[PDB]
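This document opens with one chain alone, in structure tokens, the form deposited in one PDB entry.
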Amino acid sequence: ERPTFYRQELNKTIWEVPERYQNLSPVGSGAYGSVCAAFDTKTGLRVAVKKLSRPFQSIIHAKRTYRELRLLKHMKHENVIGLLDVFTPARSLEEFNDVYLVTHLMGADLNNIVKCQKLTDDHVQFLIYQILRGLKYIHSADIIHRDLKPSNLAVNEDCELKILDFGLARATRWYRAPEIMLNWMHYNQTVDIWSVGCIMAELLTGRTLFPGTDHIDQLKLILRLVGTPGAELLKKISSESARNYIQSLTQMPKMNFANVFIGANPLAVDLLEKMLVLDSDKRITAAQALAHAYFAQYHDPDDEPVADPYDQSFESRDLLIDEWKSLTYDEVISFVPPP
């Protein structure tokens, strides 16, 4: 079943891919791998071919490579970017060094759309509804994105949306939950709900909600709207030093959101209050938010599916580089493409 490969050097870097992928265009580099846009003659789709060149330089790298492949092979949902293909030109484990991941390159990112257009409240309802539909699926497998922001949401002309680029580490901080920013405690799935509130708030006002400079600055901005922590939340902060820093602040009441978002759909503002709650344990879940009156036109409890269970037991495994590499190789080989 090995397809025919063709090789070419694009921008001082070698790509060896199946002939099904045509007209490769370097669309970016990084520190985690180069990316090219291409035409996938098999599906007729425009796709992103991501080459990981350095996959196994450390235990951290090898493990993160395996984690990214595991996550991506598990994602089967309309509002979540899935794996269209994964391949290596290697004919055996011994010569295995490069891994390539292929995903659908749909529309443009939300940040790009907003730069060229003022969305209506209607767009906002449907877009946010799609993010939460995707998040209910993800959270049901006990997966946390961890890095949601406009640049990680693909949107097309017909308003379809898919969540992409999951945080693989185990502007950017402007969407992060207070408790994960300073690492106050072990994170809840609702750190993604906090990012959603930040995203929606910005879509409605056309202004970034918490545009802080550093952690303290951003924390202060956050706590001014949402108020400062109480005893309940303080009991949950594991770090004694963070708790001492928290108590040193001058107390701040929560603000009323209705004065901050005047003229916005009142239901939108109500959902915002439920998403942007300081205590993570009290933030609305994605399943609950889908049931919120703001999405009345779009809610269908018979079509907001959950995921199969995702085995994260590997996270606690303590293995050698070659063992993580071998597990990764096995996952490439076992990959079954989507219809």
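We call the rigid core whatever largest set of C-alpha positions still superposes within 1.5 Å between the two forms. When you see a residue number, it is the position in the sequence shown, counting from 1.
Q: Does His215 have no coordinates in at least a third of the other PDB entries examined?
A: No, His215 is modelled in every one of the other compared entries that cover both of its flanks.
Q: Are coordinates for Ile113 absent from at least a third of the other PDB entries that model its neighbours?
A: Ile113: unmodelled in a third or more of the comparison entries.
Q: Would you mind checking whether any residues of the deposited sequence sit unmodelled between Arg170 and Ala171, and how many (none, 1 to 3, 4 to 9, 10 or more)?
A: The entry has a long gap there, with 10 or more residues left out between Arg170 and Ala171.
Q: Do the CA atoms of 224-232 or those of 72-80 have the higher mean B-factor in the entry?
A: Per the deposited B-factors, the answer is 224-232.
Q: Mean Cα B factor from the PDB record: higher for 267-275, or higher for 38-46?
A: For C-alpha atoms only, the mean B-factor is higher in 38-46.
Q: Looking at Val306, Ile284, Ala293, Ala31, which one carries the largest C-alpha B-factor according to the PDB entry?
A: Max CA B-factor in the entry, restricted to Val306, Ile284, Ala293, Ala31: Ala31.
Q: Could you check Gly134, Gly212, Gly107, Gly206 and tell me which one carries the biggest Cα B-factor in the deposited entry?
A: Highest CA B-factor of the listed options: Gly212.
Q: Which third of the chain does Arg146 land in by C-alpha B-factor: lowest, middle or highest?
A: Ranked within chain, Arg146 CA B lands in the lowest tercile.
Q: Can you work out whether the C-alpha temperature factor of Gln288 puts it in the lowest, middle or highest third of the chain?
A: Answer is lowest: the recorded C-alpha B-factor places it there.
Q: Just say lowest, middle or highest third for the CA B-factor of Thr4 relative to the other modelled residues in its chain.
A: It falls in the middle third of the chain.
Q: By its CA B factor, does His299 count among the lowest, middle or highest third of the modelled residues in the chain?
A: It falls in the middle third of the chain.
Q: Ranking every modelled residue in this chain by its Cα temperature factor as given in the entry, which third contains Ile321?
A: Middle third.
Unshown form deposited with a small molecule bound; subsequent notes refer to it.
Q: Quick one: of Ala287, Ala307, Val27, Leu45, which gets a non-hydrogen atom within 4.5 angstroms of the small molecule in the entry with it bound?
A: Contact residue from the list: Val27.
Q: In the entry with it bound, which of the listed residues (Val269, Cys198, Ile131, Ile81) lies with a heavy atom within 4.5 Å of the small molecule?
A: Comparing distances to the small molecule in the entry with it bound, the residue within 4.5 Å is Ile81.
Q: Would you confirm whether the three residues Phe87, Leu93 and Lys325 all fall within 4.5 Å of the small molecule in the entry with it bound, going by non-hydrogen atoms?
A: Negative, none of the three is within 4.5 Å.
Q: Can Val260 be called a contact residue for the small molecule in the entry with it bound at 4.5 Å between heavy atoms?
A: Contact with the small molecule, no.
Q: Is there a non-hydrogen atom of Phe166 within 4.5 angstroms of a non-hydrogen atom of the small molecule in the entry with it bound?
A: Heavy-atom contact with the small molecule at 4.5 Å: present for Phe166.
Q: Residue-level contact is defined here as any heavy atom of the residue lying within 4.5 Å of the small molecule in the entry with it bound; does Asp98 satisfy this criterion?
A: Taking the distances in the entry with it bound, the answer for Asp98 is no, it never comes within 4.5 Å of the small molecule.
Q: With the partner left out here, check for me: in the entry with it bound, does some heavy atom of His104 sit within 4.5 Å of the small molecule?
A: Yes, contact at 4.5 Å.
Q: Which single residue of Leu71, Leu267, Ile144, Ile237, after superposing the core, moves its CA by 2 Å or more between the shown form and the other one?
A: Single hit from the list, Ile237.
Q: So, superposing on the core, is the move of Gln297 at the CA at least 2 angstroms between the shown form and the other one?
A: No, shifts by less than 2 Å.
Q: My question is whether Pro211 is one of the residues whose C-alpha shifts by 2 Å or more between the shown form and the other one, given a fit on the rigid core.
A: Where the cores coincide, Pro211 shows only a C-alpha shift between the shown form and the other one that is less than 2 Å.
Q: After superposition on the rigid core, does the Cα atom of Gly30 shift by at least 2 Å between the shown form and the other one?
A: Yes.
Q: I want to verify one pair: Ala31 and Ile131. Are their C-alpha atoms nearer or more distant in the entry with it bound compared with the form I supplied, knowing the change is 3 Å or more?
A: Relative to the shown form, the pair is closer.
Q: Please say whether the CA atoms of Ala31 and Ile144 come closer or move farther apart in the entry with it bound, knowing the change relative to this form is 3 Å or more.
A: Relative to this form, closer in the entry with it bound.
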